[PDB]
Amino acid sequence: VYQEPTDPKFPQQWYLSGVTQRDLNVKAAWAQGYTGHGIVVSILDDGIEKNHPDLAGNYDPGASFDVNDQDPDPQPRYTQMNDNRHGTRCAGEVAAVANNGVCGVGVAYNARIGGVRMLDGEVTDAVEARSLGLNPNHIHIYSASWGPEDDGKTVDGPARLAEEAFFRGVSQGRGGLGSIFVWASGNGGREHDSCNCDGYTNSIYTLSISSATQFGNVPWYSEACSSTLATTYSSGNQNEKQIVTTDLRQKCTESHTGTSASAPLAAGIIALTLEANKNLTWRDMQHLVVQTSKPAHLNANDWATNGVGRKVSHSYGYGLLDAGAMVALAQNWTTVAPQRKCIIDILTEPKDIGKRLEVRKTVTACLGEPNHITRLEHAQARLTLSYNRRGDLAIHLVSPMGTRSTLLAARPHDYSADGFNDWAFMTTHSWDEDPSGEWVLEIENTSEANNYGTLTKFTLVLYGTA
Ligand SMILES: [Ca+2]
Ligand SMILES: [Ca+2]
Ligand SMILES: [Ca+2]
Ligand code: NA
């Protein structure tokens, strides 16, 4: 009985609905009656053309602000090069108006869309915090298609205020259910960057999203890491189609690309999911993604089955998001139990790394205590170590159930001698596994060079329930 969009460009939005069973299954969600009505999404970027003909109808001033110039109007700054078109492109993917004879449609075409202009100027910790913490009781989902430079040699993440914003967000946002923070995993594929060296994507508070090309391949710009949760389609080679969305100066583009285009699609799907169940907590949402994402059709060299029978890849997380499945499961979802946190400091003495180091430890996961965990969610391996050439290292963490998460792959451009200072490598690959038993940390020098260093701290942090 449902009638799909009549927008001129909808037919080119192959990732929304296609006759090749290779899409995000969004129409199936629309058919179930979910379009994002009542949900508020904010694009933290370089601004949003609120008067765009395909955005005006859904624009929401309450979900917007201009942090760069300190005013409530997020309108982009116009320049000959059209530098500030990025946010507007991301906004359209989420909530471009449907059936209005203009361009295409957003995943959640009935959602309210806002924008925080915060990338067009000096991006400080304060700027980030004010953006991430904007109207936490009005805005439901925040979408961020930006982050530290992807040079493949830096390790960076949120400073204190931003961290506090994230924490206040998942704790108090949405009336206590927790703000949903969607993040683009990065464009450093060519520089061999790792998204675990990015504190925004690596955070447990954000749903880090990767990309897949139309033919189901890992895009050239893709960054692999264990912190990524799932994937949505984006651009690839010139024979593959790209993302169709709203563009600056009230135009329509068919060439929105890279990691930037994936997060917004995920944000939209999540918007449909919240409409299906407004009581989902920020953790419930991550559970739904893990459970409903599909690996099938996606090509990767590292698909592996984890302790609970789910396929995972460092390039895709649990696979392609499935809107229809997300909204279906949301309806019968029982809120998960309170989050427990079990801290296990492993080292009793510094360990020399040399060519290879292996650290084994049998844990009880806080058995007999209030934070006993039998069903894992995120896991972090907080490491502190020194090394002469950081990029030559590769670090892996194996769960008692045999799931091997690569916390860090070699980064050839990383010649840093500063090592890692209590860096919290995170993995989503052992989600739902029982964490008790022997864990193994492996650190290896992937180069033939005679490198040296010392691992001074290894704290295993488990989040989950019983
Ligand atoms: Ca302004
Ligand atoms: Ca439209
Ligand atoms: Ca990166
Ligand atoms: Na994350």
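Under my numbering, read the sequence shown as residues 537 to 1002, first letter to last. No residue lacks a Cβ here, since even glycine has one placed at the ideal position from N, Cα and C.
For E699, the secondary structure class from DSSP, reduced to helix, strand or coil, is helix. Residue pairing from DSSP places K897 in a beta bridge opposite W975. Apart from the 5 residues on each side of it in sequence, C878 sits with its Cβ closer than 7 angstroms to the Cβ of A901, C902, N907, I909, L998 in its chain, given in chain order. In this chain, the alpha helix (DSSP H) harbouring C626 covers 622-631. With respect to the 7 angstroms criterion, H676 and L810 are classified as neighbours on the basis of their beta carbons. Close to ligand 3, as judged by a C-beta nearer than 6 angstroms to any of its heavy atoms, are the residues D686, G722, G724, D729, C731, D734, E759, in chain order. The set of residues whose C-beta lies within less than 6 angstroms of a heavy atom of ligand 2 reads, in chain order, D543, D590, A632, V633, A634, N636, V638, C639, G640, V641. Closer than 6 angstroms to some heavy atom of ligand 1: that does not describe the Cβ of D838. Secondary structure note for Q916: it is in no alpha helix (DSSP H), and the uninterrupted beta strand (DSSP E) holding it is 911-923. Within the DSSP secondary-structure output, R892 pairs in a beta bridge with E980. The Cβ atoms of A634 and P547 do not sit closer than 7 angstroms to each other. Annotation for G804: the continuous alpha helix (DSSP H) segment containing it runs 795-812.
Burial check for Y757: the Cβ neighbour count within 10 Å reaches 16 or more, so the residue is buried. Of all alpha-carbon atoms in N732, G853, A799, the one lying nearest the alpha-carbon of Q916 is that of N732. Taken in chain order, the complete beta strand (DSSP E) segments of 3 residues or longer contained in the segment 756-795 are 766-769, 779-783, 787-792. The continuous alpha helix (DSSP H) containing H823 extends over residues 818-828. Using a cutoff of 6 angstroms, the CB of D581 does not count as near ligand 1, since none of the ligand's heavy atoms is closer than that. Residue state for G955 is assigned as coil, using DSSP reduced to three classes. By the criterion of at least three beta-carbon pairs nearer than 8 angstroms, the segment 963-970 is not in contact with the segment 874-890.
DSSP places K563 in the uninterrupted alpha helix (DSSP H) bounded by 562-567.
Listed as beta-bridge partners of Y595 by DSSP are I649.
Rounded to whole angstroms, the separation of the alpha carbons of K993 and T764 is 24 angstroms.
With fewer than 16 neighbouring CB atoms inside 10 Å of its own CB, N773 falls in the exposed class. If you check the CB distance, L834 and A945 do not come in under 7 angstroms.
Relative to ligand 4, the beta carbon of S922 is positioned no closer than 6 angstroms to any heavy atom.
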